[PDB]
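Asks: Take a look at the following structure, please.
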Amino acid sequence: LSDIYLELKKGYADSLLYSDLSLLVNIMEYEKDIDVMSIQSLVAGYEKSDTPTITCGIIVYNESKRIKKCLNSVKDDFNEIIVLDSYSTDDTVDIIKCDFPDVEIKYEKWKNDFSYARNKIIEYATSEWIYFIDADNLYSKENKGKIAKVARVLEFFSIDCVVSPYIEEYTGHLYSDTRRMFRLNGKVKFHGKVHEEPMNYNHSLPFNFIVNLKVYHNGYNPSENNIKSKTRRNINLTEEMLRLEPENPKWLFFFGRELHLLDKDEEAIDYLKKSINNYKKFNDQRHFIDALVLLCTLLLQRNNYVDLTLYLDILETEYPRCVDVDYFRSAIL
Ligand SMILES: O=c1ccn([C@@H]2O[C@H](COP(=O)(O)OP(=O)(O)O[C@@H]3O[C@H](CO)[C@H](O)[C@@H](O)[C@H]3O)[C@@H](O)[C@H]2O)c(=O)[nH]1
Ligand SMILES: [Mg+2]
């Protein structure tokens, strides 16, 4: 696909196929074989491709303070919006009924499984594609019209993937493994009680297309200082995930992270050490760098320089471009 793009850029770069493909960020990374044939019939053929429909799904519990700004941010850009309420005790449903009558409201007991609630929306959705957003997110106005173009180009090339907008924390931390959107063609389901993500039902990990969409995330802003509250909820769920895979370094990391967020640094260090130990021979090393960086932060703060040296050396070996290595090195000499 990077080849096809290089020629679409060269050979006349004002085709609607050119623009729309440029919404995709990590094109260089997509390695499945697309039979390059002739950019001419490809350009022309795109013009007649169908513009897929997209459902926007929101799972909600007690979001009175936020749901209106959230829905105002998505009200223009989706064929269908489904809100799945877990029997809120605040006035969440009534705000939606009043100000967003075209939103479909469905109800479902919370079962302490974020993947169950999301998959419930997938069952209810009638569009060709789904995109999930949370009540403490804002969909950027600059996204106007783009999410359907993304889905159009992906259907065109029959790319099986999930789709990640950039999500910006209040901190300015920018995430690109967010996996919020995918085609509703019976291939992808959410898996996990917490920290859930959409998996092929053989439980393999879909390719992740990063796209030039932006979503703001207010949910850990000190405006609402919900930090410790959301954290205690998630750690009870992370603990269940860990029981089922007590050697999984990803779950060990998330548990350590949440112990740390709950001012339990002692207790975090042991889980992070075991996570880092188990990551060496693990296939999905996505959070290996975050485990190392967090552990080095904790050891540094506790003046445990001897152990900090051990993990900083591992950090720099595995991730020589890590932007945090120089900081730790400067703090101990
Ligand atoms: O019992 C609940 C709790 C939460 N939500 C909704 O789930 C969403 C995400 O919950 P949130 O308050 O934002 O916790 P966060 O810590 O900000 O992250 C979230 O952590 C969750 C669990 O992994 C989410 O699914 C992820 O999208 C992640 O961004 C919200 O729209 C909530 O209203 C429910 O529907 N029912
Ligand atoms: Mg949130």
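Following the order of the structure tokens, first chain is A, next is B, and so on, with residues numbered from 1 inside each chain and ligands from 1 in the order they appear.
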What residues in range 72-296 of chain A get the DSSP label alpha helix (DSSP H)? Please answer as an MDAnalysis selection string.
Replies: chainID A and resid 72:74 92:99 114:124 146:156 227:244 249:261 265:279 288:296
Asks: Please identify the residues whose atoms come within 8 Å of ligand 2, using only C-alpha atoms and all ligand atoms, and report them as JSON, numbers by chain.
Replies: {"A": [134, 135, 136, 137, 217, 218, 219, 220]}
Asks: Generate a file of the selected residues that holds N, CA and C atoms, formatted as a tab-separated table (two decimals), in the first residue's frame.
Replies:
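That gives us again-v3.tsv:
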chain	number	residue	atom	x	y	z
A	134	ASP	N	-16.14	7.65	24.58
A	134	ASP	CA	-16.57	7.65	25.99
A	134	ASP	C	-17.16	9.01	26.37
A	135	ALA	N	-17.98	8.99	27.42
A	135	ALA	CA	-18.64	10.23	27.85
A	135	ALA	C	-17.66	11.34	28.24
A	136	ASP	N	-16.45	11.00	28.71
A	136	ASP	CA	-15.47	12.05	29.02
A	136	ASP	C	-14.52	12.35	27.86
A	137	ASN	N	-14.89	12.00	26.63
A	137	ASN	CA	-14.16	12.40	25.43
A	137	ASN	C	-14.90	13.53	24.72
A	217	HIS	N	-9.52	13.81	25.64
A	217	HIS	CA	-9.90	13.01	26.81
A	217	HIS	C	-9.66	13.86	28.05
A	218	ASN	N	-10.75	14.25	28.68
A	218	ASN	CA	-10.79	15.07	29.88
A	218	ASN	C	-10.78	14.23	31.15
A	219	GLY	N	-10.91	12.90	31.05
A	219	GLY	CA	-11.34	12.05	32.16
A	219	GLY	C	-10.34	11.88	33.29
A	220	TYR	N	-9.11	12.40	33.15
A	220	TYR	CA	-8.15	12.43	34.26
A	220	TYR	C	-7.66	13.85	34.55
Asks: Set the cut-off to 6 Å, count only C-alpha atoms and all ligand atoms, and list whatever residues fall near ligand 1 as an mmCIF file with C-alpha atoms, in the first residue's frame.
Replies:
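Saved as result.cif:
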data_model
loop_
_atom_site.group_PDB
_atom_site.id
_atom_site.type_symbol
_atom_site.label_atom_id
_atom_site.label_comp_id
_atom_site.auth_asym_id
_atom_site.auth_seq_id
_atom_site.Cartn_x
_atom_site.Cartn_y
_atom_site.Cartn_z
ATOM 1 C CA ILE A 59 -21.447 3.180 27.062
ATOM 2 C CA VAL A 60 -22.555 5.411 29.949
ATOM 3 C CA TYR A 61 -23.054 5.369 33.708
ATOM 4 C CA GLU A 63 -22.542 11.057 33.040
ATOM 5 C CA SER A 86 -26.153 0.980 32.890
ATOM 6 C CA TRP A 110 -23.548 -3.517 34.472
ATOM 7 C CA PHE A 114 -16.441 -3.418 29.785
ATOM 8 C CA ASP A 134 -16.570 7.651 25.986
ATOM 9 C CA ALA A 135 -18.643 10.229 27.847
ATOM 10 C CA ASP A 136 -15.474 12.050 29.019
ATOM 11 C CA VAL A 194 -11.054 -3.835 31.707
ATOM 12 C CA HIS A 195 -8.361 -2.354 29.475
ATOM 13 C CA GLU A 196 -10.412 -4.151 26.812
ATOM 14 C CA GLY A 219 -11.339 12.051 32.160
ATOM 15 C CA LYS A 230 -11.868 5.584 38.344
#
Asks: Pick out each residue of range 99-269 of chain A that DSSP on the backbone tags as strand (DSSP E or B); I need them as a PyMOL selection string.
Replies: chain A and resi 104-107+129-132+137-139+162-169+174-175+181-183+188-191+197-200+208-217
Asks: Please produce a file of those selected residues containing N, CA and C atoms, as a compact mmCIF listing (two decimals), in the first residue's frame.
Replies:
# COMPACT_ATOMS: atom_id res chain seq x y z
N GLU A 104 -30.40 6.73 19.95
CA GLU A 104 -31.14 5.60 20.50
C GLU A 104 -30.53 5.28 21.85
N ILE A 105 -31.39 5.14 22.85
CA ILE A 105 -31.02 4.79 24.21
C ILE A 105 -31.41 3.35 24.42
N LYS A 106 -30.45 2.52 24.83
CA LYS A 106 -30.68 1.15 25.25
C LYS A 106 -30.19 0.98 26.68
N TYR A 107 -30.68 -0.05 27.35
CA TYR A 107 -30.39 -0.27 28.76
C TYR A 107 -29.78 -1.64 28.97
N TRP A 129 -19.95 0.02 10.01
CA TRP A 129 -18.75 0.26 10.81
C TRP A 129 -19.17 0.81 12.15
N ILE A 130 -18.34 0.61 13.17
CA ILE A 130 -18.64 1.20 14.47
C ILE A 130 -17.46 2.04 14.95
N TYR A 131 -17.76 3.06 15.74
CA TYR A 131 -16.74 3.89 16.34
C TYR A 131 -17.18 4.15 17.76
N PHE A 132 -16.31 3.87 18.74
CA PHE A 132 -16.66 4.03 20.13
C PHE A 132 -16.04 5.32 20.66
N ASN A 137 -14.89 12.00 26.63
CA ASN A 137 -14.16 12.40 25.43
C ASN A 137 -14.90 13.53 24.72
N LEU A 138 -14.15 14.29 23.91
CA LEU A 138 -14.71 15.22 22.93
C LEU A 138 -14.15 14.85 21.58
N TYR A 139 -15.03 14.67 20.61
CA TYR A 139 -14.64 14.44 19.23
C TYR A 139 -14.25 15.77 18.60
N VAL A 162 -8.16 -2.81 12.91
CA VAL A 162 -8.87 -1.83 13.71
C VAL A 162 -8.28 -0.45 13.42
N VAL A 163 -8.98 0.59 13.88
CA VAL A 163 -8.68 1.97 13.53
C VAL A 163 -8.51 2.77 14.82
N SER A 164 -7.43 3.54 14.89
CA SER A 164 -7.09 4.33 16.08
C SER A 164 -7.07 5.81 15.73
N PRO A 165 -8.00 6.62 16.22
CA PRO A 165 -7.73 8.05 16.29
C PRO A 165 -6.68 8.32 17.35
N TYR A 166 -6.04 9.47 17.23
CA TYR A 166 -5.20 9.96 18.32
C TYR A 166 -6.09 10.39 19.47
N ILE A 167 -5.80 9.90 20.67
CA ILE A 167 -6.50 10.37 21.84
C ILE A 167 -5.53 11.18 22.71
N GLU A 168 -5.93 12.40 23.02
CA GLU A 168 -5.10 13.32 23.79
C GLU A 168 -5.64 13.37 25.22
N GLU A 169 -4.84 12.92 26.18
CA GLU A 169 -5.15 13.18 27.58
C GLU A 169 -5.08 14.68 27.87
N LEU A 174 -0.42 11.84 24.16
CA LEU A 174 -1.08 11.46 22.92
C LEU A 174 -0.95 9.96 22.75
N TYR A 175 -2.08 9.26 22.70
CA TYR A 175 -2.12 7.82 22.45
C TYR A 175 -2.49 7.58 20.99
N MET A 181 -12.35 2.02 16.36
CA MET A 181 -13.26 1.86 15.22
C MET A 181 -12.97 0.59 14.46
N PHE A 182 -14.03 -0.09 13.97
CA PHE A 182 -13.80 -1.23 13.08
C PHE A 182 -15.08 -1.59 12.33
N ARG A 183 -14.89 -2.40 11.29
CA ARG A 183 -15.99 -2.83 10.45
C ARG A 183 -16.86 -3.86 11.16
N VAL A 188 -14.50 -9.03 14.50
CA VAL A 188 -13.83 -8.34 15.59
C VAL A 188 -14.83 -8.18 16.73
N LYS A 189 -14.38 -8.50 17.92
CA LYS A 189 -15.14 -8.44 19.16
C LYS A 189 -14.23 -7.85 20.23
N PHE A 190 -14.81 -7.18 21.24
CA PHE A 190 -14.01 -6.75 22.37
C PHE A 190 -13.72 -7.91 23.33
N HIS A 191 -12.53 -7.91 23.91
CA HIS A 191 -12.08 -8.96 24.84
C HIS A 191 -11.41 -8.29 26.03
N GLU A 197 -9.89 -4.55 24.48
CA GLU A 197 -9.60 -4.09 23.13
C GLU A 197 -10.21 -5.06 22.12
N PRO A 198 -10.39 -4.63 20.88
CA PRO A 198 -11.08 -5.48 19.92
C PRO A 198 -10.10 -6.46 19.30
N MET A 199 -10.46 -7.74 19.37
CA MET A 199 -9.64 -8.85 18.93
C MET A 199 -10.40 -9.62 17.86
N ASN A 200 -9.66 -10.18 16.91
CA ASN A 200 -10.21 -11.25 16.10
C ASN A 200 -10.72 -12.37 17.01
N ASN A 208 -3.38 -2.35 13.37
CA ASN A 208 -3.89 -1.08 13.89
C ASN A 208 -3.54 0.03 12.91
N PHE A 209 -4.54 0.54 12.19
CA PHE A 209 -4.37 1.77 11.42
C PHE A 209 -4.61 3.01 12.26
N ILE A 210 -3.58 3.83 12.33
CA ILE A 210 -3.61 5.11 12.98
C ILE A 210 -4.06 6.13 11.95
N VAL A 211 -5.05 6.94 12.31
CA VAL A 211 -5.66 7.85 11.36
C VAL A 211 -5.63 9.26 11.92
N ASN A 212 -5.73 10.23 11.02
CA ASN A 212 -5.65 11.65 11.39
C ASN A 212 -7.00 12.15 11.90
N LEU A 213 -7.51 11.46 12.91
CA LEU A 213 -8.63 11.91 13.71
C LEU A 213 -8.14 12.21 15.12
N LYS A 214 -8.78 13.15 15.81
CA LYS A 214 -8.35 13.50 17.14
C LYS A 214 -9.53 13.49 18.10
N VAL A 215 -9.29 12.93 19.27
CA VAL A 215 -10.28 12.84 20.33
C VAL A 215 -9.65 13.37 21.60
N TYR A 216 -10.31 14.33 22.24
CA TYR A 216 -9.82 14.89 23.50
C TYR A 216 -10.37 14.06 24.64
N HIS A 217 -9.52 13.81 25.64
CA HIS A 217 -9.90 13.01 26.81
C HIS A 217 -9.66 13.86 28.05
Asks: Between CA of residue 251 in chain A and CA of residue 232 in chain A, what distance in Å does the model show, to one decimal?
Replies: 15.5 Å
Asks: Can you tell me, as a list in words, what residues are no more than 12 Å from residue 8 in chain A when counting only C-alpha atoms, ignoring any on the same chain fewer than 3 positions away?
Replies: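 Once the adjacent positions are removed, what remains is residues 1, 2, 3, 4, 5, 11, 12, 13, 14, 15, 16, 17, 18, 19, 20, 21, 22, 36, 38, 39, 40, 41, 42 and 43 of chain A.
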Asks: Between A:67, A:333, A:205, A:96, which is the closest to residue 177 in chain A once you count only C-alpha atoms?
Replies: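 For residue 177 in chain A, the nearest of the given residues is A:205.
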